[PDB]
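Enquirer: Have a peek at data31.cif (mmCIF, N, CA and C atoms).
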data_start
loop_
_atom_site.group_PDB
_atom_site.id
_atom_site.type_symbol
_atom_site.label_atom_id
_atom_site.label_comp_id
_atom_site.auth_asym_id
_atom_site.auth_seq_id
_atom_site.Cartn_x
_atom_site.Cartn_y
_atom_site.Cartn_z
ATOM 1 N N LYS C 1 99.116 108.403 82.002
ATOM 2 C CA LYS C 1 98.560 107.971 80.730
ATOM 3 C C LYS C 1 97.303 108.791 80.462
ATOM 4 N N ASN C 2 96.924 108.925 79.190
ATOM 5 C CA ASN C 2 95.708 109.660 78.843
ATOM 6 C C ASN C 2 95.022 108.942 77.686
ATOM 7 N N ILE C 3 93.945 108.227 78.001
ATOM 8 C CA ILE C 3 93.184 107.444 77.033
ATOM 9 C C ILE C 3 91.722 107.856 77.128
ATOM 10 N N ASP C 4 91.124 108.181 75.971
ATOM 11 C CA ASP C 4 89.708 108.554 75.824
ATOM 12 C C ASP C 4 89.345 109.741 76.712
ATOM 13 N N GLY C 5 90.244 110.715 76.767
ATOM 14 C CA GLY C 5 90.012 111.861 77.613
ATOM 15 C C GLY C 5 90.143 111.587 79.088
ATOM 16 N N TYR C 6 90.747 110.467 79.461
ATOM 17 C CA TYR C 6 90.891 110.081 80.853
ATOM 18 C C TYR C 6 92.370 110.025 81.180
ATOM 19 N N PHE C 7 92.791 110.820 82.150
ATOM 20 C CA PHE C 7 94.180 110.866 82.563
ATOM 21 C C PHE C 7 94.328 109.990 83.797
ATOM 22 N N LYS C 8 95.207 109.006 83.710
ATOM 23 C CA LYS C 8 95.389 108.005 84.742
ATOM 24 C C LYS C 8 96.762 108.183 85.357
ATOM 25 N N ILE C 9 96.790 108.204 86.682
ATOM 26 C CA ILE C 9 97.974 108.457 87.478
ATOM 27 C C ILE C 9 98.100 107.279 88.421
ATOM 28 N N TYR C 10 99.140 106.477 88.222
ATOM 29 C CA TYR C 10 99.372 105.296 89.037
ATOM 30 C C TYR C 10 100.644 105.530 89.837
ATOM 31 N N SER C 11 100.603 105.255 91.137
ATOM 32 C CA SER C 11 101.652 105.793 91.988
ATOM 33 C C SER C 11 102.027 104.836 93.104
ATOM 34 N N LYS C 12 103.191 105.111 93.685
ATOM 35 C CA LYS C 12 103.755 104.332 94.776
ATOM 36 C C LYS C 12 104.836 105.168 95.451
ATOM 37 N N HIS C 13 104.916 105.070 96.776
ATOM 38 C CA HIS C 13 106.017 105.662 97.526
ATOM 39 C C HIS C 13 106.738 104.567 98.293
ATOM 40 N N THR C 14 108.065 104.602 98.265
ATOM 41 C CA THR C 14 108.893 103.585 98.886
ATOM 42 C C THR C 14 110.051 104.235 99.624
ATOM 43 N N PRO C 15 110.318 103.822 100.855
ATOM 44 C CA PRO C 15 111.565 104.242 101.505
ATOM 45 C C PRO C 15 112.752 103.454 100.974
ATOM 46 N N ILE C 16 113.827 104.136 100.588
ATOM 47 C CA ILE C 16 114.955 103.496 99.929
ATOM 48 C C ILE C 16 116.259 103.969 100.558
ATOM 49 N N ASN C 17 117.327 103.232 100.253
ATOM 50 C CA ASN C 17 118.679 103.495 100.747
ATOM 51 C C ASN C 17 119.611 103.347 99.545
ATOM 52 N N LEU C 18 119.776 104.427 98.784
ATOM 53 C CA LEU C 18 120.548 104.383 97.549
ATOM 54 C C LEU C 18 120.891 105.810 97.149
ATOM 55 N N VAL C 19 122.085 105.998 96.586
ATOM 56 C CA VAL C 19 122.626 107.343 96.403
ATOM 57 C C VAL C 19 122.404 107.927 95.004
ATOM 58 N N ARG C 20 122.761 107.204 93.926
ATOM 59 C CA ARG C 20 122.707 107.796 92.591
ATOM 60 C C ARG C 20 122.105 106.856 91.556
ATOM 61 N N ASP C 21 121.513 105.749 91.977
ATOM 62 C CA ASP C 21 121.093 104.718 91.048
ATOM 63 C C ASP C 21 119.611 104.443 91.235
ATOM 64 N N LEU C 22 119.029 103.791 90.235
ATOM 65 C CA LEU C 22 117.645 103.364 90.307
ATOM 66 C C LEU C 22 117.628 101.951 90.859
ATOM 67 N N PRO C 23 116.823 101.657 91.876
ATOM 68 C CA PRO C 23 116.949 100.376 92.583
ATOM 69 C C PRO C 23 116.447 99.202 91.755
ATOM 70 N N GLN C 24 117.121 98.073 91.939
ATOM 71 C CA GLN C 24 116.784 96.830 91.261
ATOM 72 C C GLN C 24 115.755 96.097 92.103
ATOM 73 N N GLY C 25 114.543 95.984 91.582
ATOM 74 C CA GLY C 25 113.481 95.350 92.335
ATOM 75 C C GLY C 25 112.183 95.428 91.570
ATOM 76 N N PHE C 26 111.134 94.922 92.206
ATOM 77 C CA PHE C 26 109.815 94.864 91.603
ATOM 78 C C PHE C 26 108.831 95.581 92.506
ATOM 79 N N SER C 27 107.923 96.338 91.897
ATOM 80 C CA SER C 27 106.954 97.121 92.643
ATOM 81 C C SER C 27 105.797 97.479 91.729
ATOM 82 N N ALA C 28 104.623 96.951 92.039
ATOM 83 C CA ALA C 28 103.440 97.252 91.257
ATOM 84 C C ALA C 28 102.898 98.625 91.616
ATOM 85 N N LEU C 29 102.143 99.199 90.690
ATOM 86 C CA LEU C 29 101.500 100.485 90.908
ATOM 87 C C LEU C 29 100.017 100.269 91.142
ATOM 88 N N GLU C 30 99.548 100.736 92.249
ATOM 89 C CA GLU C 30 98.123 100.830 92.480
ATOM 90 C C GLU C 30 97.551 101.971 91.646
ATOM 91 N N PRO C 31 96.400 101.776 91.017
ATOM 92 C CA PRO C 31 95.764 102.895 90.326
ATOM 93 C C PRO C 31 95.143 103.862 91.313
ATOM 94 N N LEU C 32 95.606 105.101 91.255
ATOM 95 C CA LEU C 32 95.267 106.103 92.252
ATOM 96 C C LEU C 32 94.327 107.170 91.735
ATOM 97 N N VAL C 33 94.702 107.897 90.686
ATOM 98 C CA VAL C 33 93.938 109.075 90.300
ATOM 99 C C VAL C 33 93.525 108.930 88.842
ATOM 100 N N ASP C 34 92.263 109.233 88.557
ATOM 101 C CA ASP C 34 91.797 109.388 87.189
ATOM 102 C C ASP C 34 91.104 110.736 87.073
ATOM 103 N N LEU C 35 91.277 111.385 85.923
ATOM 104 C CA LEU C 35 90.727 112.711 85.720
ATOM 105 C C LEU C 35 90.208 112.851 84.292
ATOM 106 N N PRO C 36 88.924 113.141 84.105
ATOM 107 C CA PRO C 36 88.323 113.168 82.756
ATOM 108 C C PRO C 36 88.372 114.536 82.074
ATOM 109 N N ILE C 37 89.551 114.930 81.595
ATOM 110 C CA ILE C 37 89.681 116.252 80.981
ATOM 111 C C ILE C 37 89.294 116.223 79.509
ATOM 112 N N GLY C 38 90.045 115.498 78.691
ATOM 113 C CA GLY C 38 89.724 115.463 77.278
ATOM 114 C C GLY C 38 90.565 116.370 76.406
ATOM 115 N N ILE C 39 91.870 116.419 76.657
ATOM 116 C CA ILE C 39 92.773 117.290 75.920
ATOM 117 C C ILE C 39 93.914 116.470 75.320
ATOM 118 N N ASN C 40 94.586 117.064 74.337
ATOM 119 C CA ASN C 40 95.710 116.447 73.640
ATOM 120 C C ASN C 40 96.989 117.069 74.185
ATOM 121 N N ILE C 41 97.742 116.290 74.951
ATOM 122 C CA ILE C 41 98.964 116.747 75.604
ATOM 123 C C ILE C 41 100.150 116.194 74.829
ATOM 124 N N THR C 42 101.150 117.042 74.593
ATOM 125 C CA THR C 42 102.312 116.644 73.814
ATOM 126 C C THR C 42 103.624 116.813 74.573
ATOM 127 N N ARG C 43 103.731 117.799 75.460
ATOM 128 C CA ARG C 43 104.974 118.146 76.129
ATOM 129 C C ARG C 43 104.704 118.339 77.616
ATOM 130 N N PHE C 44 105.752 118.152 78.420
ATOM 131 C CA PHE C 44 105.601 118.147 79.868
ATOM 132 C C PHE C 44 106.923 118.507 80.534
ATOM 133 N N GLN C 45 106.826 119.213 81.659
ATOM 134 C CA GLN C 45 108.006 119.686 82.387
ATOM 135 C C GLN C 45 107.783 119.483 83.879
ATOM 136 N N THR C 46 108.864 119.244 84.616
ATOM 137 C CA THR C 46 108.775 119.219 86.067
ATOM 138 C C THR C 46 109.036 120.599 86.659
ATOM 139 N N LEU C 47 108.845 120.682 87.975
ATOM 140 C CA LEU C 47 108.984 121.922 88.732
ATOM 141 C C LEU C 47 109.581 121.573 90.087
ATOM 142 N N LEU C 48 110.701 122.205 90.415
ATOM 143 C CA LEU C 48 111.471 121.929 91.618
ATOM 144 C C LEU C 48 111.369 123.078 92.613
ATOM 145 N N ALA C 49 111.976 122.872 93.779
ATOM 146 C CA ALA C 49 112.224 123.928 94.751
ATOM 147 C C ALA C 49 113.726 124.113 94.932
ATOM 148 N N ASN R 1 62.944 119.244 68.617
ATOM 149 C CA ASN R 1 62.990 120.534 67.945
ATOM 150 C C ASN R 1 63.100 121.675 68.938
ATOM 151 N N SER R 2 63.817 122.709 68.530
ATOM 152 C CA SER R 2 64.104 123.865 69.357
ATOM 153 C C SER R 2 63.931 125.135 68.551
ATOM 154 N N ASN R 3 62.996 125.096 67.601
ATOM 155 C CA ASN R 3 62.781 126.225 66.702
ATOM 156 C C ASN R 3 62.215 127.421 67.455
ATOM 157 N N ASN R 4 61.196 127.187 68.266
ATOM 158 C CA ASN R 4 60.588 128.260 69.032
ATOM 159 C C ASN R 4 61.418 128.673 70.240
ATOM 160 N N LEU R 5 62.503 127.965 70.543
ATOM 161 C CA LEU R 5 63.286 128.274 71.730
ATOM 162 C C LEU R 5 64.368 129.314 71.483
ATOM 163 N N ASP R 6 65.110 129.206 70.380
ATOM 164 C CA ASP R 6 66.273 130.058 70.158
ATOM 165 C C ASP R 6 66.356 130.687 68.775
ATOM 166 N N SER R 7 65.622 130.183 67.787
ATOM 167 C CA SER R 7 65.710 130.716 66.437
ATOM 168 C C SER R 7 65.090 132.106 66.357
ATOM 169 N N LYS R 8 65.803 133.026 65.712
ATOM 170 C CA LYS R 8 65.349 134.398 65.567
ATOM 171 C C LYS R 8 64.968 134.650 64.117
ATOM 172 N N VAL R 9 64.130 135.670 63.925
ATOM 173 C CA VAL R 9 63.539 135.938 62.615
ATOM 174 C C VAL R 9 64.585 136.461 61.638
ATOM 175 N N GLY R 10 65.663 137.050 62.155
ATOM 176 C CA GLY R 10 66.754 137.491 61.310
ATOM 177 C C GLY R 10 67.721 136.396 60.919
ATOM 178 N N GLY R 11 67.484 135.167 61.364
ATOM 179 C CA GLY R 11 68.411 134.088 61.108
ATOM 180 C C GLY R 11 69.317 133.888 62.298
ATOM 181 N N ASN R 12 69.138 132.795 63.032
ATOM 182 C CA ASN R 12 69.951 132.575 64.220
ATOM 183 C C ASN R 12 71.351 132.175 63.796
ATOM 184 N N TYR R 13 72.255 133.144 63.811
ATOM 185 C CA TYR R 13 73.617 132.936 63.360
ATOM 186 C C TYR R 13 74.552 132.665 64.522
ATOM 187 N N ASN R 14 73.996 132.448 65.711
ATOM 188 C CA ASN R 14 74.758 131.967 66.850
ATOM 189 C C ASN R 14 75.140 130.502 66.706
ATOM 190 N N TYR R 15 74.443 129.762 65.854
ATOM 191 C CA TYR R 15 74.642 128.329 65.698
ATOM 192 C C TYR R 15 75.606 128.073 64.553
ATOM 193 N N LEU R 16 76.816 127.673 64.906
ATOM 194 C CA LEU R 16 77.885 127.482 63.950
ATOM 195 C C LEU R 16 78.204 126.003 63.830
ATOM 196 N N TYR R 17 79.056 125.700 62.862
ATOM 197 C CA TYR R 17 79.530 124.353 62.609
ATOM 198 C C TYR R 17 80.851 124.454 61.868
ATOM 199 N N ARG R 18 81.678 123.437 62.046
ATOM 200 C CA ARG R 18 82.973 123.375 61.393
ATOM 201 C C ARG R 18 82.818 122.584 60.110
ATOM 202 N N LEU R 19 82.871 123.285 58.985
ATOM 203 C CA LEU R 19 82.653 122.674 57.687
ATOM 204 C C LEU R 19 83.938 122.240 57.012
ATOM 205 N N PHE R 20 84.958 123.083 57.033
ATOM 206 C CA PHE R 20 86.182 122.827 56.300
ATOM 207 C C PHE R 20 87.293 122.479 57.275
ATOM 208 N N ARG R 21 87.837 121.281 57.108
ATOM 209 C CA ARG R 21 88.879 120.749 57.974
ATOM 210 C C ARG R 21 89.633 119.685 57.195
ATOM 211 N N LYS R 22 90.931 119.580 57.468
ATOM 212 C CA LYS R 22 91.790 118.745 56.640
ATOM 213 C C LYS R 22 91.608 117.254 56.898
ATOM 214 N N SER R 23 91.236 116.852 58.110
ATOM 215 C CA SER R 23 91.175 115.434 58.431
ATOM 216 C C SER R 23 89.956 115.130 59.280
ATOM 217 N N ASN R 24 89.464 113.900 59.177
ATOM 218 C CA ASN R 24 88.437 113.445 60.101
ATOM 219 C C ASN R 24 89.049 113.218 61.472
ATOM 220 N N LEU R 25 88.220 113.306 62.498
ATOM 221 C CA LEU R 25 88.746 113.397 63.847
ATOM 222 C C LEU R 25 88.492 112.119 64.640
ATOM 223 N N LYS R 26 89.298 111.941 65.669
ATOM 224 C CA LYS R 26 89.221 110.897 66.674
ATOM 225 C C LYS R 26 87.941 111.066 67.494
ATOM 226 N N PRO R 27 87.346 109.966 67.963
ATOM 227 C CA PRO R 27 86.134 110.067 68.786
ATOM 228 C C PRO R 27 86.355 110.806 70.098
ATOM 229 N N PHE R 28 85.287 111.481 70.549
ATOM 230 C CA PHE R 28 85.268 112.326 71.751
ATOM 231 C C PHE R 28 86.362 113.385 71.721
ATOM 232 N N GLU R 29 86.380 114.142 70.637
ATOM 233 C CA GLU R 29 87.330 115.212 70.411
ATOM 234 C C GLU R 29 86.565 116.447 69.958
ATOM 235 N N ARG R 30 87.031 117.618 70.368
ATOM 236 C CA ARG R 30 86.435 118.869 69.940
ATOM 237 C C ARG R 30 87.522 119.783 69.400
ATOM 238 N N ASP R 31 87.119 120.706 68.534
ATOM 239 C CA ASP R 31 88.043 121.702 68.013
ATOM 240 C C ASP R 31 87.387 123.069 68.040
ATOM 241 N N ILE R 32 88.064 124.027 68.665
ATOM 242 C CA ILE R 32 87.666 125.424 68.631
ATOM 243 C C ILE R 32 88.661 126.278 67.873
ATOM 244 N N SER R 33 89.635 125.664 67.202
ATOM 245 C CA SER R 33 90.583 126.412 66.391
ATOM 246 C C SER R 33 89.890 126.996 65.170
ATOM 247 N N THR R 34 90.242 128.234 64.837
ATOM 248 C CA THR R 34 89.543 128.996 63.811
ATOM 249 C C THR R 34 90.454 129.334 62.638
ATOM 250 N N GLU R 35 91.499 128.546 62.417
ATOM 251 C CA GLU R 35 92.488 128.916 61.416
ATOM 252 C C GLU R 35 91.963 128.632 60.015
ATOM 253 N N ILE R 36 92.319 129.510 59.074
ATOM 254 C CA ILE R 36 91.748 129.480 57.731
ATOM 255 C C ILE R 36 92.199 128.224 57.006
ATOM 256 N N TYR R 37 91.241 127.474 56.474
ATOM 257 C CA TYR R 37 91.549 126.217 55.819
ATOM 258 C C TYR R 37 91.842 126.463 54.349
ATOM 259 N N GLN R 38 93.021 126.029 53.920
ATOM 260 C CA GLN R 38 93.465 126.178 52.539
ATOM 261 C C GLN R 38 92.757 125.109 51.727
ATOM 262 N N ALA R 39 91.572 125.451 51.216
ATOM 263 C CA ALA R 39 90.852 124.516 50.363
ATOM 264 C C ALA R 39 91.525 124.345 49.011
ATOM 265 N N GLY R 40 92.375 125.290 48.613
ATOM 266 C CA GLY R 40 93.248 125.119 47.479
ATOM 267 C C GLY R 40 94.650 124.719 47.909
ATOM 268 N N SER R 41 95.398 124.208 46.930
ATOM 269 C CA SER R 41 96.782 123.825 47.170
ATOM 270 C C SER R 41 97.698 125.027 47.337
ATOM 271 N N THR R 42 97.269 126.212 46.902
ATOM 272 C CA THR R 42 98.040 127.423 47.142
ATOM 273 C C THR R 42 97.984 127.785 48.620
ATOM 274 N N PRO R 43 99.135 127.869 49.282
ATOM 275 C CA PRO R 43 99.142 128.344 50.664
ATOM 276 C C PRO R 43 98.769 129.813 50.721
ATOM 277 N N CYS R 44 98.023 130.164 51.760
ATOM 278 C CA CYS R 44 97.529 131.520 51.913
ATOM 279 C C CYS R 44 97.696 131.932 53.363
ATOM 280 N N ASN R 45 98.037 133.199 53.563
ATOM 281 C CA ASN R 45 98.303 133.687 54.904
ATOM 282 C C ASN R 45 97.406 134.882 55.185
ATOM 283 N N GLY R 46 97.641 135.561 56.303
ATOM 284 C CA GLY R 46 96.909 136.777 56.590
ATOM 285 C C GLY R 46 95.496 136.516 57.083
ATOM 286 N N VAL R 47 94.576 137.365 56.636
ATOM 287 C CA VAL R 47 93.215 137.364 57.149
ATOM 288 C C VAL R 47 92.217 136.713 56.200
ATOM 289 N N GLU R 48 92.558 136.541 54.925
ATOM 290 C CA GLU R 48 91.723 135.803 53.988
ATOM 291 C C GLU R 48 92.610 135.314 52.852
ATOM 292 N N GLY R 49 91.974 134.841 51.790
ATOM 293 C CA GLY R 49 92.672 134.514 50.566
ATOM 294 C C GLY R 49 91.732 133.789 49.632
#
Before anything else, please render the file you have as structure tokens.
Expert:
Amino acid sequence: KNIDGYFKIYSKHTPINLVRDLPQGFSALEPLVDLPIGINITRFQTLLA
Amino acid sequence: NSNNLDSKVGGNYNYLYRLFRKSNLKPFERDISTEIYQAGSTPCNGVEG
């Protein structure tokens, strides 16, 4: 998220046992990273190996 | 006041401001874009108009 020039990154890692589906369950996100840049972002891409 | 600090006798033209812009801006936002503002309804391209 990016509010008032603050980019917020909320994250979680979980060990799972599932092949092609998104797991049915509940999991809160701890707030982890905030970064005060101040830019207008419109598009985004991932990067693989 | 900062008259004796940076103002030059030839006119300190290092100090600029954005006068012509189509819309008022969101708080804590900056713009360094220098694109020519069509103050008339006639669209204009190139280097002036």
Enquirer: Smallest atom-to-atom distance to chain R: which of C:4, C:41, C:17, C:26, using all atoms listed in the file?
Expert: C:4
Enquirer: What are the residues of chain R that have an atom within 8 Å of an atom of chain C, counting only N, CA and C atoms, as a list in words?
Expert: residues 27, 28, 29 and 30 of chain R
Enquirer: I need the residue set behind the PyMOL selection byres ((chain C and resi 6) around 6) for this file; please write it as a VMD selection string.
Expert: chain C and resid 1 to 5 7 to 8 35 to 38
Enquirer: In Å to one decimal, how far is atom C of residue 23 of chain R from atom CA of residue 44 of chain R?
Expert: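 Between these atoms lies a distance of 19.5 Å.
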Enquirer: For the provided coordinates, the residues matched by the PyMOL selection byres ((chain C and resi 28) around 7) should be stated as a PyMOL selection string.
Expert: chain C and resi 11-12+26-27+29-30
Enquirer: Could you find all residues in chain C that DSSP calls strand (DSSP E) from the backbone, and write them as a PyMOL selection string?
Expert: chain C and resi 2-3+6-11+30-35
Enquirer: In Å, rounded to a single decimal, give me how far atom CA of residue 10 of chain C is from atom CA of residue 32 of chain C.
Expert: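 About the pair atom CA of residue 32 of chain C and atom CA of residue 10 of chain C: they are 5.3 Å apart.
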Enquirer: Starting from the PyMOL selection byres (((chain R and resi 32 and name CA) around 12) and name CA), expand the selection into actual residues of this file and give them as an MDAnalysis selection string.
Expert: chainID R and resid 16:18 21 29:31 33:35
Enquirer: Any idea what the distance is between atom N of residue 48 of chain R and atom C of residue 22 of chain R?
Expert: 19.4 Å
Enquirer: For segment 8-17 of chain C, what centre and edge lengths in Å (one decimal) does the axis-aligned box get once 4 Å is added on each side of all its listed atoms, as AutoDock Vina command-line options?
Expert:
--center_x 107.4 --center_y 106.1 --center_z 92.6 --size_x 32.4 --size_y 13.8 --size_z 25.8
Enquirer: Hey, what's within 12 Å of residue 49 of chain R if we count only C-alpha atoms and toss same-chain stuff fewer than 5 positions away? As an NGL selection string, please?
Expert: :R and (36-44)
Enquirer: As a PDB file, in the frame of the given file, could you write out segment 20-32 of chain C once it has been completed with N, CA, C and O atoms?
Expert:
ATOM      1  N   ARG C  20     122.761 107.204  93.926  1.00  0.00           N
ATOM      2  CA  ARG C  20     122.707 107.796  92.591  1.00  0.00           C
ATOM      3  C   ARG C  20     122.105 106.856  91.556  1.00  0.00           C
ATOM      4  O   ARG C  20     122.182 107.142  90.354  1.00  0.00           O
ATOM      5  N   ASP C  21     121.513 105.749  91.977  1.00  0.00           N
ATOM      6  CA  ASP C  21     121.093 104.718  91.048  1.00  0.00           C
ATOM      7  C   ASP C  21     119.611 104.443  91.235  1.00  0.00           C
ATOM      8  O   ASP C  21     119.002 104.821  92.237  1.00  0.00           O
ATOM      9  N   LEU C  22     119.029 103.791  90.235  1.00  0.00           N
ATOM     10  CA  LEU C  22     117.645 103.364  90.307  1.00  0.00           C
ATOM     11  C   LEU C  22     117.628 101.951  90.859  1.00  0.00           C
ATOM     12  O   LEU C  22     118.394 101.104  90.373  1.00  0.00           O
ATOM     13  N   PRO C  23     116.823 101.657  91.876  1.00  0.00           N
ATOM     14  CA  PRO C  23     116.949 100.376  92.583  1.00  0.00           C
ATOM     15  C   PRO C  23     116.447  99.202  91.755  1.00  0.00           C
ATOM     16  O   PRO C  23     115.481  99.290  90.996  1.00  0.00           O
ATOM     17  N   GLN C  24     117.121  98.073  91.939  1.00  0.00           N
ATOM     18  CA  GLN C  24     116.784  96.830  91.261  1.00  0.00           C
ATOM     19  C   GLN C  24     115.755  96.097  92.103  1.00  0.00           C
ATOM     20  O   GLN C  24     116.065  95.640  93.208  1.00  0.00           O
ATOM     21  N   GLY C  25     114.543  95.984  91.582  1.00  0.00           N
ATOM     22  CA  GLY C  25     113.481  95.350  92.335  1.00  0.00           C
ATOM     23  C   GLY C  25     112.183  95.428  91.570  1.00  0.00           C
ATOM     24  O   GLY C  25     112.124  95.927  90.442  1.00  0.00           O
ATOM     25  N   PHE C  26     111.134  94.922  92.206  1.00  0.00           N
ATOM     26  CA  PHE C  26     109.815  94.864  91.603  1.00  0.00           C
ATOM     27  C   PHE C  26     108.831  95.581  92.506  1.00  0.00           C
ATOM     28  O   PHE C  26     108.885  95.432  93.731  1.00  0.00           O
ATOM     29  N   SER C  27     107.923  96.338  91.897  1.00  0.00           N
ATOM     30  CA  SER C  27     106.954  97.121  92.643  1.00  0.00           C
ATOM     31  C   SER C  27     105.797  97.479  91.729  1.00  0.00           C
ATOM     32  O   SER C  27     105.969  98.233  90.769  1.00  0.00           O
ATOM     33  N   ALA C  28     104.623  96.951  92.039  1.00  0.00           N
ATOM     34  CA  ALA C  28     103.440  97.252  91.257  1.00  0.00           C
ATOM     35  C   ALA C  28     102.898  98.625  91.616  1.00  0.00           C
ATOM     36  O   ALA C  28     103.149  99.165  92.696  1.00  0.00           O
ATOM     37  N   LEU C  29     102.143  99.199  90.690  1.00  0.00           N
ATOM     38  CA  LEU C  29     101.500 100.485  90.908  1.00  0.00           C
ATOM     39  C   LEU C  29     100.017 100.269  91.142  1.00  0.00           C
ATOM     40  O   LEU C  29      99.329  99.678  90.305  1.00  0.00           O
ATOM     41  N   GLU C  30      99.548 100.736  92.249  1.00  0.00           N
ATOM     42  CA  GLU C  30      98.123 100.830  92.480  1.00  0.00           C
ATOM     43  C   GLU C  30      97.551 101.971  91.646  1.00  0.00           C
ATOM     44  O   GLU C  30      98.169 103.032  91.541  1.00  0.00           O
ATOM     45  N   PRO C  31      96.400 101.776  91.017  1.00  0.00           N
ATOM     46  CA  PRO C  31      95.764 102.895  90.326  1.00  0.00           C
ATOM     47  C   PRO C  31      95.143 103.862  91.313  1.00  0.00           C
ATOM     48  O   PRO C  31      94.262 103.507  92.098  1.00  0.00           O
ATOM     49  N   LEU C  32      95.606 105.101  91.255  1.00  0.00           N
ATOM     50  CA  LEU C  32      95.267 106.103  92.252  1.00  0.00           C
ATOM     51  C   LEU C  32      94.327 107.170  91.735  1.00  0.00           C
ATOM     52  O   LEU C  32      93.247 107.353  92.301  1.00  0.00           O
TER      53      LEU C  32
END
